[PDB]
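Presented below is the structure to which this report refers.
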Amino acid sequence: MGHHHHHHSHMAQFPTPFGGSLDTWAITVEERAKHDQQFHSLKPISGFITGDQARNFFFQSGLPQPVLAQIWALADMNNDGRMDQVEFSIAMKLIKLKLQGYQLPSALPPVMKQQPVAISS
């Protein structure tokens, strides 16, 4: 709780496999790399973005406002208002996934988290 920022850019190469249907609800190392390139396009202010830029990018991608609002509320679980590259790493996949004809609740599956939190009891 209370802000965070880790712009970790680590990638070997991005190979085009044309088979992004095996990692539907999981974050692949490709997605890990992709978050940086998409973040680049997010027009970062000083190495970071914000929820205002978040809504802008995803909306500009051709998604309806209700969908856009849902995606942002799904991205940063803590609702930090900044959306760090960590949250964006899981959020970026939503735009693509929903543009494939999908929808989802306010809770991501643990496979998509990769690191499950002990926030249940």
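Because the Cβ atoms are built from the backbone with ideal geometry, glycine has one as well, and the counts that use them run over all protein chains shown. Every number in this text was worked out from the coordinates using simple rules, so none of it is lab data.
Tell me the mean residue ellipticity at 222 nm calculated for the chain from its helices only (DSSP H runs of n ≥ 4, each -39500 (n - 2.57), averaged over every residue, nearest 500). Walk me through the numbers on the way to the answer.
On the way: 5 runs with 52 residues, N = 121.
So the calculated ellipticity at 222 nm is -13000 deg cm²/dmol.
Where does each of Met83, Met11 land when they are ranked from fewest to most other beta-carbon atoms within 10 angstrom? Intermediate results must be reported in sequence, preceding the final value.
Numbers: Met83 24, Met11 13.
Ascending number of Cβ neighbours within 10 Å: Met11, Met83.
Say we join alpha carbon atoms closer than 10 Å with springs in a Gaussian network model of the chain; which of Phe39, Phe48, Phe14 then has the biggest fluctuation? Among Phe39, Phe48, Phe14, the largest GNM mean-square fluctuation belongs to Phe14.
Please list, or write none, the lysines whose alpha carbon is within less than 22 Å of the alpha carbon of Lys98, excluding same-chain residues fewer than 8 places away. Leaving aside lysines fewer than 8 places away in the same chain, those within reach of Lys98 are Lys34, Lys113.
For the pair the stretch 97-116 / the stretch 44-87, the C-alpha centres are spaced 15 Å from each other.
GNM remark for the chain: springs join alpha carbons under 10 Å apart, and the peak mean-square fluctuation among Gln13, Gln38, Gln70 falls on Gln13. Between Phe59, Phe18, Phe88, the GNM of the chain built on Cα springs shorter than 10 angstrom shows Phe18 fluctuating the most.
Return the Rg/Rh ratio of the chain with Cα-based radii and a Kirkwood Rh. The partial results should precede the final answer.
Numbers: Rg = 13.9 Å, Rh = 14.9 Å.
Rounded to two decimals, Rg/Rh equals 0.93.
Stretch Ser21-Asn78 to full length: gain in nm at 0.36 nm per residue minus the Cα-Cα span? Could the numbers behind the result be given before it?
Numbers: separation 57, 0.36 × 57 = 20.52 nm, distance 2.81 nm.
Stretched fully, the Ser21-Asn78 segment lengthens by 17.7 nm.
Calculated FRET efficiency, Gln103 to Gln37, Cβ-Cβ distance, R0 = 30 Å: about 0.75 to the nearest 0.05.
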